[PDB]
């Protein structure tokens, strides 16, 4: 039975079991994943402090990125204040190194951590550990446990909490740190430092004005707030809070965003309405992977108001078959492959066979290097 963590635990245990018994098709797939995982062993650990332009704190260990849809105002002399253009990503985002580096980190330690759980090879814990220590707890290189300057906007006068959503890239790595516990590379002291970091980040999440703000959001930000919350709380083994967050926060939030016809009106008014409809569910989906490890199924539990998350999958299912039939603003192409894991997650949770079959018909590439697909041999 897998440690509590941010993954489909049924598929991970199934993979580890078959790999130990020497079943050939799982053993071949894991030997692929080990070839894929080799660049993370050579890859030098990244730090939030690899940046030139510092945040207002003057502190390089503070995480700072730019809110992606905010651009200079050409009609102003300084371009300040930035204006918003929904869905159009400002390439200035790439001048903030943590934006892409936390992705690269998150992929590398998630991959290495799942490979060590499946295979038990110490090489994968030892390397996962180097990445975790450097990003999180190192006294010089580790990131301060807050998101004060996440998605900061030049010229903006009020403090915003919208940037918190960025935390999902390293919070999954926090969760999978549970999978190297017991290895020789992950000493008791390393665990104590990280538990302390995770304790402080959770405190900031819950009590900062930006975190309180983001816990209250009425769209997909509030759903990703809680999915991140559960990852932190699961890493810390706080299962009573997980049940409390699931019953008092995620389900009422989920029910307030689902219209009568299953649509998500907060996302429909966006210029990337089909991307953000799917983004909302993806939060629920990663939340459910933790809640359902302790007996709570978020896809089928109805909210107080009678709305249930399956109604949202129903509304969107036809447009996963035929994304061109989408009748709302979508100013970029929508990646149909995102529907694969989503309909398989919700398909199994709901016992809907139409969903699981469409998940496999769309599929993921057998050989892909995208680490979030590592547990999904069943899709490949």
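Numbering follows the first chain given and starts at 1.
Asker: If you average the Cα B factors in the entry, which is higher, 197-205 or 183-191?
Answerer: Averaged over C-alpha atoms, the B-factors run higher in 183-191.
Asker: Looking at the entry, does 65-73 or 316-324 show the higher mean C-alpha B-factor?
Answerer: According to the entry, 316-324 carries the higher average C-alpha B-factor.
Asker: Whose C-alpha has the highest temperature factor in the PDB entry: 168, 229, 160, 104?
Answerer: Going by the entry's C-alpha B-factors, 160 comes out highest.
Asker: In terms of the CA temperature factor given in the entry, to which third of its chain does residue 49 belong: lowest, middle or highest?
Answerer: According to the entry, residue 49 has a C-alpha B-factor in the chain's lowest third.
Asker: Compared with the other modelled residues in the chain, in which third is the CA B-factor of residue 212?
Answerer: Within its chain, residue 212 is a lowest-third residue by C-alpha B-factor, going by the deposited values.
Asker: Among the chain's modelled residues, which third holds the C-alpha B-factor of residue 86?
Answerer: Its C-alpha B-factor belongs to the highest third of this chain's values.
Asker: Using the temperature factors of the C-alpha atoms in this entry, rank residue 20 within its chain: lowest, middle or highest third.
Answerer: For residue 20, the deposited C-alpha B-factor lands in the highest third.
Asker: Using the B-factors in the PDB entry, rank residue 172's C-alpha atom against the chain and give the third, lowest, middle or highest.
Answerer: Residue 172: CA B-factor falls in the lowest third of its chain.
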